[PDB]
C-alpha cells in the first residue's frame, strides 16, 4: 500500500551532474568540517521536494534566458534582463534564492551567448558570467556577461549555453561559496539547507565532474550531492520517506558483490564511513541499490 522508494539503475558513466550539464566523472569523498556545503542546484528530498534553485531540465543548470542590452581578451560588457527558464516572465517575489538554474558557486561560467531576432537573423559567441561581480544580481532579475566579440544586438532575445569554467586565477573558482544572488543589496534567502555528516567517522560522498576550462590550470572540480537523474526520479516517484536515512549499497552485477554501503539521507545527500580526501573507484557496471530504510544510528561498514 505504501509506495516503495526506489533508485534508477544507472552505472557511474550513465549519470549527470546536477550542478552543471555534464556527465558524472567519478565518486569522491573528502572532509568538509572547514566548509559549509550548501549548494543550491541538485537539491531534492527523497520524497520528491525540489529545493534551492533546482529544476528538472539537465541542460538548464547554469544557463539563462532573457534580453541583452549594452551595459551602462574579454572586453565587451552586456546587461541581461532575465526571464524564467521556461520563457515565463521573472518576478523577484517568488520564494526561491534566484531564478531556477542560476549558478550556485563563485567564479566565472564559460559558455556561449546566442541571439535570434524577430527578422530571423542570428548570432552566437563565447561569453562568461562572473558570479562574483557586483552586477551579478539574478535574484533582482539581471546579470552581466562579458564577451570578446562585439557582434551582439540590443533588445534582442538572448540565451546562454554553459560549457565550463573560465576563470583566470584558479582560486576564483570556489565551488562551495555561494554567490550573492542580490549583489550587495540584500542577503541570500530561501536557501536549501546546508548538509553535513551527523555521525562520527562519516564523510559526505560526492558525484564529481571535471568541468571544461577555457584557460589556465583550473581542475574544474564540481561536486554535486545527488545526480540530476535522481532529482528527476525522486520528483516523479515522491515515495514516502520511512526514516531520515535510506541504506544504500553499491553492488557489482558481474560478481554480485557489495563493494561498499552508504547512507542516503532524506534531505538528499550521501555519507560514507571513511576518512580523508579520496576517490572511490567503482567497476564500470556497478550501480547503487536501495537496501532498506534504516535508523539514523546505523553504523556503516568502513571502506
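Residue numbers count along the first chain shown, from 1.
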property: Residues of the deposited sequence that sit between residue 73 and residue 72 yet are not modelled; result: 10 or more
property: Stretch with the greater mean C-alpha B-factor as recorded in the entry, comparing 284 to 292 against 10 to 18; result: 284 to 292
property: Mean temperature factor over C-alpha atoms, higher-scoring stretch between 234 to 242 and 54 to 62; result: 234 to 242
property: Residue selected from 170, 104, 144, 229 by maximal Cα B factor; result: 170
property: Selection from 262, 259, 27, 44 [criterion: highest C-alpha temperature factor in the record]; result: 259
property: Where the record places residue 67 (Cα B-factor, split into thirds across the chain); result: middle
property: Residue 136 - which third its CA temperature factor falls in, relative to the rest of the chain; result: middle
property: Ranked against its chain, the third holding the CA B-factor of residue 154; result: highest
property: Chain-wide C-alpha B factor ranking for residue 271, given as lowest, middle or highest third; result: middle
property: Residue 201 by Cα B-factor - lowest, middle or highest third of the modelled chain; result: highest
